[PDB]
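Enquirer: what would the 3D arrangement of this be:
(2 chains, ligands or ions: 2)
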Number of protein chains: 2
Amino acid sequence: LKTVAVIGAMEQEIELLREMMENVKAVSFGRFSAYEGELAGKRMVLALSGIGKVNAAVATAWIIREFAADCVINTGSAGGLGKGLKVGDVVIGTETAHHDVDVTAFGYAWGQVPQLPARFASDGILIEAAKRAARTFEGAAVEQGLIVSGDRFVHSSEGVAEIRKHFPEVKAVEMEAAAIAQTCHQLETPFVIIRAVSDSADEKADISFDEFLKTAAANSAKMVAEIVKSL
Amino acid sequence: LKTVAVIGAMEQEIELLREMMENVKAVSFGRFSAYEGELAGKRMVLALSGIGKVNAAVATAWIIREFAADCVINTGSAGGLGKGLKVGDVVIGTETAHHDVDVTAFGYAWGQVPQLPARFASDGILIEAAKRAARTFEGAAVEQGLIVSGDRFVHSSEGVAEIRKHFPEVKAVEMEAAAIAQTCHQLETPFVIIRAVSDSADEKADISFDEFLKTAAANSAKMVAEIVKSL
Ligand SMILES: CSC[C@H]1N[C@@H](c2c[nH]c3c2N=CNC3N)[C@H](O)[C@@H]1O
Ligand SMILES: CSC[C@H]1N[C@@H](c2c[nH]c3c2N=CN[C@H]3N)[C@H](O)[C@@H]1O
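Expert: Numbers count the residues shown, from 1 in each chain, chains lettered A, B, ... in the order given. Ligands and ions are numbered 1, 2, ... in the order given. Pasting the structure now:
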């Protein structure tokens, strides 16, 4: 873990981390942008992927290729579905899955992309680093568990019920984590997903999201920065 | 266009093209494999993406970045939604959109990734090449129009219903083209999508696909090889 890649979807989700970096250098690939520098004593490349699975996948593949990233950490906001979660709480995604993949017609489990596992496991070392960071993390409650992704912003009770039917133990929902996870799997690169709650993915999710994005972004980022220091 | 990238999801969709190529070198990037050779005095890099949006997007970005591809052509099978489409018929995808993207909560149009256009237009020069290629297959059935993609295999007369609701003029549905399109958009690369019908995306789509993949792959491939010769 020499070079750490950190991927966030939206500017609000990377700004704090960017302000924390030293010797920052802007870099880009077509329309994607990133920032190369250091945090703690670690080389870090912080990328802005844009929203959704294709954007996150391409950005992640780029940083891995271009910078030989040793691991990848996703940061940002998400819909909270876990028992007892509140706005600002952080979830360490120990497993990630696509909630909107369905090739069941050919025998695959719901969410399973053909030729791949149904879920993607975050790296054991990185999970461990995140758990250690949680032990002294004061800004918010932290939990661990499953985060699922798909190419939609979920904002209905019916939408959440669909996802819980396939993923009963789900803790959070968003739109990039499973794409980043699947990309790292395919590129044999360890990763972990860190997200914080901006909403409940329910009928009010869009209204809550815009209000709580900055708080979710910050809490997620502060956890991510603790992890990087520890590596 | 001197270096052409050709992207197919499945071995069966690239096998003929691979056999047509000369001076072929195998290349890889993690679990992704491609073949760099020549076809008709063009440099061709033929990539096996794997199924679905993440896989297609990563393989496409990799080939653009590593090989400096001048354009990208997708080849493969798709479910026929256009009126009258038969197994084996080819669709030149002139426009592409994601059918399963939904950030409508924040005002975006159905299918539209935030900050991206709702649909992605294939390159004019490539579409005209496809149209010339089509005329060389005398009698053959070739149409032009909208192809939509999502991370699921459609095999339901009502799954189709709902797609048609959002995209009335839709001609075909599959799982990679909009990811390739979006990736090319973001990396400023011209592309065109060529697919052939393996099924009608209804309840029999699975058995139709199993039987007619070889046919759809072949017809798509032959069209793509002729397009390469026309650039
Ligand atoms: C503006 S779209 C939502 C962005 N924030 C994340 C997220 C927060 N809350 C939700 C998100 N994604 C889906 N459903 C939700 N309820 C997603 O990963 C997107 O990058
Ligand atoms: C084995 S999954 C189907 C593969 N073939 C394509 C396709 C054929 N027929 C359909 C596909 N995709 C979605 N719905 C369909 N009815 C997709 O792009 C996948 O790569």
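Enquirer: please, where are all the helices along chain A?
Expert: A:11-20, A:53-67, A:124-135, A:157-166, A:177-186, A:205-230 (DSSP state H).
Enquirer: tell me the angle the longest one makes with helix A:157-166.
Expert: Here the directions of helix A:205-230 and helix A:157-166 differ by 40 degrees (axes from the mean of the first three to the mean of the last three Cα atoms, to 10 degrees).
Enquirer: buried sites along helix A:205-230?
Expert: A:205-206, A:208-209, A:212-213, A:215-228 (16 or more other Cβ atoms under 10 Å in any protein chain shown). Any C-beta I mention is one placed from the backbone N, CA and C, and that applies to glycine too.
Enquirer: ligand 1 next: which of the residues you listed are close?
Expert: Counting by Cβ under 6 Å from any ligand atom, A:205, A:209 from the buried residues of helix A:205-230 sit close to ligand 1.
Enquirer: of the helices of chain A, which approaches residue A:91 most closely?
Expert: helix A:205-230 (9.0 Å; Cβ to Cβ).
Enquirer: now find how far off-centre that closest one is within its chain.
Expert: Remark: helix A:205-230 is offset 10 Å from the chain centroid, using Cα atoms, centre = their mean, to the nearest Å.
Enquirer: quick one on the thing from earlier: make a markdown table from the helices of chain A and add distance to residue B:137 to it.
Expert: As requested, those are exported to a markdown table (distance: least, Cβ to Cβ, whole Å):
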| stretch | distance to residue B:137 |
| --- | --- |
| helix A:11-20 | 49 |
| helix A:53-67 | 32 |
| helix A:124-135 | 53 |
| helix A:157-166 | 43 |
| helix A:177-186 | 35 |
| helix A:205-230 | 49 |
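Enquirer: may I see those organised as TSV, with distance to ligand 2 added?
Expert: Shown next, in TSV, are these (distance: least, Cβ to the nearest ligand atom, whole Å):
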stretch	distance to ligand 2
helix A:11-20	31
helix A:53-67	14
helix A:124-135	31
helix A:157-166	19
helix A:177-186	15
helix A:205-230	28
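Enquirer: so which of these gets nearest residue A:29?
Expert: helix A:53-67 (4.8 Å).
Enquirer: follow-up on the earlier one: the helices of chain A: which one's closest to residue A:79?
Expert: Among these, helix A:205-230 sits nearest to residue A:79 (Cβ to Cβ), with 6.0 Å.
Enquirer: got the angle between the closest one and helix A:124-135?
Expert: Using the same axes, to 10 degrees: helix A:205-230 against helix A:124-135 is 100 degrees.
Enquirer: what angle sits between helix A:205-230 and helix A:11-20?
Expert: 30 degrees.
Enquirer: and helix A:205-230 with chain B, contact?
Expert: Yes - using Cβ under 8 Å from any Cβ of the partner chain, helix A:205-230 reaches chain B at A:205, A:206.
Enquirer: stretch A:57-70 too?
Expert: Yes - using Cβ under 8 Å from any Cβ, stretch A:57-70 reaches chain B at A:57, A:58, A:60, A:61, A:62, A:65, A:66.
Enquirer: would you turn the residues you listed into a markdown table with neighbour count?
Expert: Formatted as a markdown table, the residues of stretch A:57-70 next to chain B follow (neighbours: other Cβ atoms under 10 Å in any protein chain shown):
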| residue | neighbour count |
| --- | --- |
| A:57 | 32 |
| A:58 | 31 |
| A:60 | 32 |
| A:61 | 29 |
| A:62 | 28 |
| A:65 | 18 |
| A:66 | 16 |
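Enquirer: if we check ligand 1, which of those are in contact?
Expert: Answer for those near ligand 1: none qualify (Cβ under 6 Å from any ligand atom).
Enquirer: now residue A:139: closest residue in space, sequence neighbours ignored.
Expert: residue A:219 (5.4 Å; Cβ to Cβ, 6 or more residues apart in numbering or on different chains).
Enquirer: give the contact list for the one you found.
Expert: A:88, A:89, A:90, A:139, A:140, A:196 (Cβ atoms under 8 Å, 6 or more residues apart in numbering or on different chains).
Enquirer: between those residues, which has the most around it?
Expert: When the contacts of residue A:219 are compared by neighbour count (other Cβ atoms under 10 Å in any protein chain shown), residue A:196 ends up highest, at 32 neighbours.
Enquirer: dump the residue contacts of it.
Expert: So residue A:196 contacts A:76-78, A:88-91, A:140, A:215-220, A:223 (Cβ under 8 Å, 6+ apart).
Enquirer: switch the cut-off to 6 Å
Expert: When contacts are counted by Cβ atoms under 6 Å, 6 or more residues apart in numbering or on different chains, residue A:196 touches A:90, A:216, A:219, A:220.
Enquirer: show me what it bridges to in the sheet.
Expert: Beta bridges link residue A:196 to residue A:77, residue A:90, judged by DSSP bridges.
Enquirer: so how far is residue A:200 from residue A:89?
Expert: 11 Å (Cβ to Cβ, to the nearest Å).
Enquirer: residue A:92 against residue A:132, yeah?
Expert: No - assessed by Cβ atoms under 6 Å, residue A:92 is found out of contact with residue A:132, at 10.7 Å.
Enquirer: neighbour-wise, which of those two wins?
Expert: More crowded of residue A:92 and residue A:132, by other Cβ under 10 Å: residue A:92, with 24 against 13.
Enquirer: neighbours of residue A:114, just the number please.
Expert: 17.
Enquirer: separation between it and chain B?
Expert: 5 Å (Cβ to the nearest Cβ, to the nearest Å).
Enquirer: give me phi/psi at that residue?
Expert: phi -50, psi 140 (degrees, to the nearest 10).
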